[PDB]
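Input: a single structure, listed below in structure tokens.
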Protein chains: 2
Amino acid sequence: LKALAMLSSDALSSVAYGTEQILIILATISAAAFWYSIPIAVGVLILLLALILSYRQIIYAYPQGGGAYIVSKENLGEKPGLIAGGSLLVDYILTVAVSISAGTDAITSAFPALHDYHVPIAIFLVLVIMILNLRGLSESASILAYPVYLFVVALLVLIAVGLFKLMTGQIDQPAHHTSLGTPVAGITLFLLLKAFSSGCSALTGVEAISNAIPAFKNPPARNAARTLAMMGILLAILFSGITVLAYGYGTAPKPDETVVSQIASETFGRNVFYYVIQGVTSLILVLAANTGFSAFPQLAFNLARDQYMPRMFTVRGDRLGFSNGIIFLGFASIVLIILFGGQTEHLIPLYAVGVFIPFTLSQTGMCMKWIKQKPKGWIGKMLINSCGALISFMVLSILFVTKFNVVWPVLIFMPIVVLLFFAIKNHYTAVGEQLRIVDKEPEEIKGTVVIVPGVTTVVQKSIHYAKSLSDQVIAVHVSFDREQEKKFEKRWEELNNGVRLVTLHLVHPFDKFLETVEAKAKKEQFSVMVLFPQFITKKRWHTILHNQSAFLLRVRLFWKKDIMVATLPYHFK
Amino acid sequence: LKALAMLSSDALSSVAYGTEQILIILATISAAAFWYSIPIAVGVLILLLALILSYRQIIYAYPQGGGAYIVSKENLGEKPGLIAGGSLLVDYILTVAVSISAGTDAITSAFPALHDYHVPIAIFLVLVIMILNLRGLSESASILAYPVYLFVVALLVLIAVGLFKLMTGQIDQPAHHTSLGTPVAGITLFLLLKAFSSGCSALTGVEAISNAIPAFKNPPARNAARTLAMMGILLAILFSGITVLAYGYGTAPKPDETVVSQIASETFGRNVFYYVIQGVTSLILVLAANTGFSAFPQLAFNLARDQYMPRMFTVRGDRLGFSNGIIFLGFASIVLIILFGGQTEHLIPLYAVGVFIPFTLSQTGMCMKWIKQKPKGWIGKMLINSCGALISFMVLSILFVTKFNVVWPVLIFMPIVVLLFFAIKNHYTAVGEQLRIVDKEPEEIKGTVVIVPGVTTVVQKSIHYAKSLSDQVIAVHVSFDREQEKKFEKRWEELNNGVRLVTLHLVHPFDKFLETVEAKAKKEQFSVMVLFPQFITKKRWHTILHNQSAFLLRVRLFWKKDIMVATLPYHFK
Ligand SMILES: [K+]
Ligand SMILES: [K+]
Ligand SMILES: [K+]
Ligand SMILES: [K+]
Ligand SMILES: [K+]
Ligand SMILES: [K+]
């Protein structure tokens, strides 16, 4: 069909948290008489129109379509362009944190008795999304694509009946502010732009369609651009309908419920249809967290090349770093939920800074790319991108110069990631310049000893493979607290074996024996090799509790020694 | 010297949380007119006297001295005796959780501005104790032994000056209840015994001196018994002094501060000496969490024998399961802090149930051991242990029949641990009966092939070791997205090599090639062996980002195949 839902779930889920909650909280904490919801909503829609035309330009200029990092690096260089990668990391961590925190704030308003603990509902929803991305690995075409349609039709029919109730001359909240003009004391243009900055976080979703272009099965232009156009107009009318209903009634920002909850409550009764609205909004915020997890590894893959991430992300979702990426994203999301509670009123400036550093850098890089050449309608596209850069930059600077008590994790976390990316690049240059040389051949050692550490079928199998693979093999076993080691040697010899054994009488005597046999290795020009066994079950749960003592301990011991180890599996059946 | 501090830190740290906070909370939530602090404190001291004489009996009967599990198993059997192990696990998890939660509740009363977030101070203190037990591994003789002395002398001089202020005829809180008699309506004997149960958790520390007997360097009897006697009398007079001061003033249980904070505040001003009391009480609660971590692995070692835990705990602190034990204890402590907040008002019945299942089972097992024989003063020791069992059992049943909204993790978590211990014992019996047989020798395969997966110094070293160790060796390398594989074979051959190569054109073609070469292994009676390289750095941080793609992926691939692998280290220098 179409399948725009895996990206529209990140886009149009912001009609619940960063729209009326944060904006109306700032307007009430000024003077408790708000009427600037409609002009700031129109200003946010104007900034949305600027961003959707700028990303139409970026998609029409890149059919490859990797947005917000590749353009920044290739049109800014190295020291910038990489900060776009760091801020997309902060945006991914915070989109799963903020989407889950607003999901719990919209699920502890249908059943408000469990609002005492709602930090450990957030960690539970992060954990079930992390599990269903790890072991389930669904990525299906029904569960990820039906609730966005249900949400759009649900909020549409709610906006229809709510504007119908606000119409036909009926008052449904007799307390109501003015309509036109009537300024209120204690309100500056600085505070109005403060509310415009904090309420600008409704449009943090178009980055998802600019960062997840491929698998369209058509020409890339004129199709994904029109998908982005439909998503932009749907977010526009949805956010405008929710803010015109919240200005329509009283709708104070109560510190236990959201704004869409109060809209549904005073619109269509307490509990008849209201439960499907809170249900579908919790589901949509959960799917937005899933889109954050799903769009992590494309950034990780675009940064693994050019030697900035660990190298393991080069396979693009063939399960190497997808596990480590999912675990890191979940752990940083959980520690941010813990540091900020299940609040979704403090994390919104963090998430907006994390999404409006990449918009700024992407627009500046597109501006420099359009100032490099003058091909086709030059000054118009240049002014569109530069004005978008200006308005995103003033949004970032307003969100940074205040709320500085919450955005200290960005100022800490960004130079750590930039310094680490520089260190990984320097390390891979040093490895590529020290390694990849032309040398000679070694001694051609022509002789190898095989060491193996009760008389057991696995022990006799491993010592048979030892005698097959080499000669002069040595069996050892650690002996303590009794006299049975002489009895063990006795029953060994007169039961099965005739091979050589040199027992001992824990780590320290073992590394002493290995150091002595390494002393009998260098001038003798003969190498050394230790063979281990491994017990392998069938039920896949007994990976623990069988071999993870000797294996882990002696593999930890077997560094700085230059002795090759080997494992032989038994595979219990 | 003496060094009783590593156990007295768990014992006499309970003068801050489970003494006046919980007891006075229950007494005020009845009727807000409490005078039953003194009789319930005397009843708790009588139960302390019973427990200290019963543990003097257990220590005098066992110079080996492993308490609360070994006596329960060897005098009750298997299905009981093991529940003592499960409840000591719940007691260790909850002693680190409750000690850290009371530590934060006593550090957000000296500087109360940071009382907004005090769940993430608890996780930070659990993490710094987990780190200082993992990598630091201090176990010193000054940092773990000076603050217990400082705490005892601090609370002693505070109790001295506070009773001096309550004396010399001066009122320091003009609101004061009655002294003798004067009953209050809304108070039953059921609620008085409820307060006795919830306030019985002051004496949850003598288990630490009953579970950590050795390293005394003397005769075991008459020395550790007198150490336990001094600890018992110190907890007795300390808890009695704190409760007589809290009855001396008003001392309501305010929901932001502790009881020792209000005692110090109305006793010796707001901030002159009061900061050293809150400092030393936070330090002592931190050291009690450290004692929980330190006394985990002795239980783990007494349960690893007799085939109930994973086998890796047999070395008794030689760093095998000490890491996994510390990580599990920290993770379960953190998830209990998260589920219950930084409250230390809900977790106290959980921790008291977790400490009063083992006291009950230990006293019942000692009673059956003293009913087996009639050696020396039979009926007196029998009645002492049976009365201790009765009073601990009624404390457990009162704490279980109410506060059932908080002790559902015990009723869930205990059959899971008992079922898992039964499953591990059954699994080791099945392994011991299927393995350890007498069989014949295999084919004596007499021929082995060596497989190794750019032309590199590590590649040429590994292929030289391959040619040295065996013949007919095969080099493979995965080839994709270009034509250079023919160029790679070309430059391989006319640059250095003359060995055999069979290239291919990710997991699926690799396991196809391994399945085909395994098909060329069985009727041919020749085995197969894959050699890997490993890059080893010097700075110890580059364990990641070098080899953890191919190693992890293909070792995951190399199950169900019966093919021995081998790693060869480079060790960058
Ligand atoms: K979202
Ligand atoms: K985003
Ligand atoms: K996104
Ligand atoms: K404690
Ligand atoms: K204990
Ligand atoms: K303890």
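Ordered as shown in the structure tokens, chains take letters A, B, and onward, while each chain numbers its residues from 1 and ligands are numbered from 1 in the order shown.
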Item to check | 8 Å contacts from chain A to chain B using only C-alpha atoms, as a PyMOL selection string | outcome: chain A and resi 117+119-120+309-312+315+318+320+338-341+435-439+441-442+444-448+455-457+461+464+468-469+506+544-546+548-549+553+560+562-571
Item to check | Selection near residue 85 of chain B, 12 Å with only C-alpha atoms, sequence-local residues under 3 positions removed, as number ranges by chain | outcome: B: 67-73, 78-82, 88-92, 211, 296, 298-304, 308-309, 354-355, 357-359, 361-362, 414-415, 417-418, 421
Checklist entry - Where does DSSP see alpha helix (DSSP H) in segment 119-151 of chain B, if you list the residues as a PyMOL selection string? => result chain B and resi 119-131+146-151
Store the residues picked out above in a file with N, CA and C atoms, as a PDB file, in the first residue's frame.
ATOM      1  N   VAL B 119      15.356   9.808  44.312  1.00  0.00           N
ATOM      2  CA  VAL B 119      15.553   8.514  43.670  1.00  0.00           C
ATOM      3  C   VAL B 119      16.890   8.476  42.927  1.00  0.00           C
ATOM      4  N   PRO B 120      17.323   9.506  42.127  1.00  0.00           N
ATOM      5  CA  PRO B 120      18.641   9.366  41.497  1.00  0.00           C
ATOM      6  C   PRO B 120      19.816   9.811  42.345  1.00  0.00           C
ATOM      7  N   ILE B 121      19.657   9.934  43.657  1.00  0.00           N
ATOM      8  CA  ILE B 121      20.823   9.999  44.529  1.00  0.00           C
ATOM      9  C   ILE B 121      21.028   8.597  45.076  1.00  0.00           C
ATOM     10  N   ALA B 122      19.923   7.871  45.241  1.00  0.00           N
ATOM     11  CA  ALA B 122      20.000   6.499  45.718  1.00  0.00           C
ATOM     12  C   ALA B 122      20.681   5.606  44.702  1.00  0.00           C
ATOM     13  N   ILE B 123      20.342   5.766  43.424  1.00  0.00           N
ATOM     14  CA  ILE B 123      20.991   4.967  42.399  1.00  0.00           C
ATOM     15  C   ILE B 123      22.448   5.369  42.262  1.00  0.00           C
ATOM     16  N   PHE B 124      22.765   6.633  42.525  1.00  0.00           N
ATOM     17  CA  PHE B 124      24.156   7.056  42.462  1.00  0.00           C
ATOM     18  C   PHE B 124      24.966   6.484  43.618  1.00  0.00           C
ATOM     19  N   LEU B 125      24.372   6.382  44.805  1.00  0.00           N
ATOM     20  CA  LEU B 125      25.126   5.826  45.923  1.00  0.00           C
ATOM     21  C   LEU B 125      25.269   4.311  45.811  1.00  0.00           C
ATOM     22  N   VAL B 126      24.237   3.634  45.297  1.00  0.00           N
ATOM     23  CA  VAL B 126      24.348   2.209  44.990  1.00  0.00           C
ATOM     24  C   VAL B 126      25.421   1.981  43.935  1.00  0.00           C
ATOM     25  N   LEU B 127      25.501   2.869  42.939  1.00  0.00           N
ATOM     26  CA  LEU B 127      26.496   2.700  41.889  1.00  0.00           C
ATOM     27  C   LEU B 127      27.906   3.003  42.374  1.00  0.00           C
ATOM     28  N   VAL B 128      28.085   3.965  43.282  1.00  0.00           N
ATOM     29  CA  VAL B 128      29.447   4.220  43.740  1.00  0.00           C
ATOM     30  C   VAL B 128      29.894   3.123  44.702  1.00  0.00           C
ATOM     31  N   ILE B 129      28.966   2.507  45.440  1.00  0.00           N
ATOM     32  CA  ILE B 129      29.354   1.374  46.280  1.00  0.00           C
ATOM     33  C   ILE B 129      29.633   0.140  45.426  1.00  0.00           C
ATOM     34  N   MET B 130      28.864  -0.044  44.354  1.00  0.00           N
ATOM     35  CA  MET B 130      29.102  -1.149  43.437  1.00  0.00           C
ATOM     36  C   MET B 130      30.431  -0.989  42.710  1.00  0.00           C
ATOM     37  N   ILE B 131      30.788   0.245  42.349  1.00  0.00           N
ATOM     38  CA  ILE B 131      32.066   0.496  41.688  1.00  0.00           C
ATOM     39  C   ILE B 131      33.218   0.291  42.661  1.00  0.00           C
ATOM     40  N   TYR B 146      36.734   3.289  60.913  1.00  0.00           N
ATOM     41  CA  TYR B 146      36.639   4.542  61.655  1.00  0.00           C
ATOM     42  C   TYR B 146      35.229   5.149  61.771  1.00  0.00           C
ATOM     43  N   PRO B 147      34.383   5.206  60.719  1.00  0.00           N
ATOM     44  CA  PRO B 147      33.091   5.886  60.894  1.00  0.00           C
ATOM     45  C   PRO B 147      32.111   5.179  61.805  1.00  0.00           C
ATOM     46  N   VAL B 148      32.264   3.883  62.073  1.00  0.00           N
ATOM     47  CA  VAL B 148      31.403   3.259  63.072  1.00  0.00           C
ATOM     48  C   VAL B 148      31.747   3.779  64.463  1.00  0.00           C
ATOM     49  N   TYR B 149      33.039   3.972  64.734  1.00  0.00           N
ATOM     50  CA  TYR B 149      33.459   4.569  65.998  1.00  0.00           C
ATOM     51  C   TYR B 149      33.013   6.022  66.096  1.00  0.00           C
ATOM     52  N   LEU B 150      33.128   6.768  64.992  1.00  0.00           N
ATOM     53  CA  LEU B 150      32.674   8.158  64.981  1.00  0.00           C
ATOM     54  C   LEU B 150      31.166   8.258  65.184  1.00  0.00           C
ATOM     55  N   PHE B 151      30.409   7.327  64.607  1.00  0.00           N
ATOM     56  CA  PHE B 151      28.961   7.332  64.747  1.00  0.00           C
ATOM     57  C   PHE B 151      28.531   6.996  66.153  1.00  0.00           C
TER      58      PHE B 151
END
Counting only C-alpha atoms and all ligand atoms, which residues in chain A sit no more than 8 Å from ligand 3? For each one, give the nearest pair of atoms and the distance in Å, sorted by chain then residue number, as CSV.
residue,atom,partner,partner_atom_place_in_ligand_line,distance
A:7,CA,ligand 3,1 (K),7.4
A:10,CA,ligand 3,1 (K),5.5
A:11,CA,ligand 3,1 (K),7.6
A:91,CA,ligand 3,1 (K),7.6
A:92,CA,ligand 3,1 (K),6.6
A:95,CA,ligand 3,1 (K),6.6
A:204,CA,ligand 3,1 (K),7.7
A:205,CA,ligand 3,1 (K),6.0
A:206,CA,ligand 3,1 (K),7.9
A:207,CA,ligand 3,1 (K),6.3
A:208,CA,ligand 3,1 (K),4.4
A:288,CA,ligand 3,1 (K),7.5
A:291,CA,ligand 3,1 (K),5.9
A:292,CA,ligand 3,1 (K),5.0
A:295,CA,ligand 3,1 (K),6.5
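Across the model, the gap from atom CA of residue 157 of chain A to atom CA of residue 52 of chain A is 25.9 Å.
Nearest-residue note for ligand 6: choosing from B:47, B:83, B:98, B:521, the minimum distance belongs to B:98, counting only C-alpha atoms and all ligand atoms.
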Checklist entry - Do you know which residues are at most 12 Å from residue 499 of chain A counting only C-alpha atoms, after dropping those on the same chain fewer than 6 positions away, and could you put them as an MDAnalysis selection string? => result chainID A and resid 450:452 460 463:464 466:467 471:476 489 492:493
Item to check | Distance query residue 326 of chain A at most 8 Å, only C-alpha atoms, self and fewer than 6 positions along chain excluded, as a list in words | outcome: residues 130, 133, 134 and 293 of chain A
Next on the checklist: Give me the residues near segment 231-238 of chain B as a list in words, where near means some atom within 9 Å (using only C-alpha atoms) and where sequence neighbours in that chain fewer than 3 positions away do not count.
Outcome noted: residues 4, 8, 11, 12, 13, 14, 15, 45, 48, 49, 52, 152, 155, 156, 159, 202, 203, 206, 226, 227, 228, 241, 242 and 243 of chain B
Next on the checklist: With only C-alpha atoms as the counted atoms, please give the residues lying no more than 9 Å from residue 173 of chain B, apart from itself and same-chain residues fewer than 4 positions off, as number ranges by chain.
Outcome noted: B: 248-250, 266
Selection export as a short mmCIF file (atom, residue, chain, number, x, y, z; two decimals), in the first residue's frame, atoms kept: N, CA and C atoms:
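And here's selection-v1.cif as it stands now:
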data_model
loop_
_atom_site.label_atom_id
_atom_site.label_comp_id
_atom_site.auth_asym_id
_atom_site.auth_seq_id
_atom_site.Cartn_x
_atom_site.Cartn_y
_atom_site.Cartn_z
N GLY B 248 10.76 12.31 74.33
CA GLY B 248 11.01 13.47 75.17
C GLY B 248 10.52 14.76 74.56
N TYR B 249 10.73 14.95 73.27
CA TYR B 249 10.22 16.13 72.60
C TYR B 249 8.91 15.75 71.93
N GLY B 250 8.43 16.61 71.04
CA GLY B 250 7.27 16.27 70.25
C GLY B 250 7.59 15.19 69.23
N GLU B 266 16.14 20.13 67.20
CA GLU B 266 15.67 20.75 68.44
C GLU B 266 16.60 20.50 69.62
#
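Between ligand 4 and the residues B:328, B:351, B:111, B:268, the shortest atom-to-atom distance, using only C-alpha atoms and all ligand atoms, involves B:351.
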Next on the checklist: Could you list, as a PyMOL selection string, every residue within 12 Å of residue 1 of chain B, counting only C-alpha atoms and ignoring same-chain residues fewer than 3 positions away?
Outcome noted: chain B and resi 4-5+141-142+145+216-217
For the selection just defined, write its residues with C-alpha atoms to a file, as a CSV table (one decimal), in the first residue's frame.
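The resulting file, part.csv, is shown below:
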chain,number,residue,atom,x,y,z
B,4,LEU,CA,34.1,-5.5,64.7
B,5,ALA,CA,33.1,-2.6,62.5
B,141,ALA,CA,41.1,-1.4,57.8
B,142,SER,CA,40.6,2.3,58.2
B,145,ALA,CA,36.4,0.9,60.6
B,216,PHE,CA,39.0,-14.0,64.1
B,217,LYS,CA,42.6,-15.4,64.8
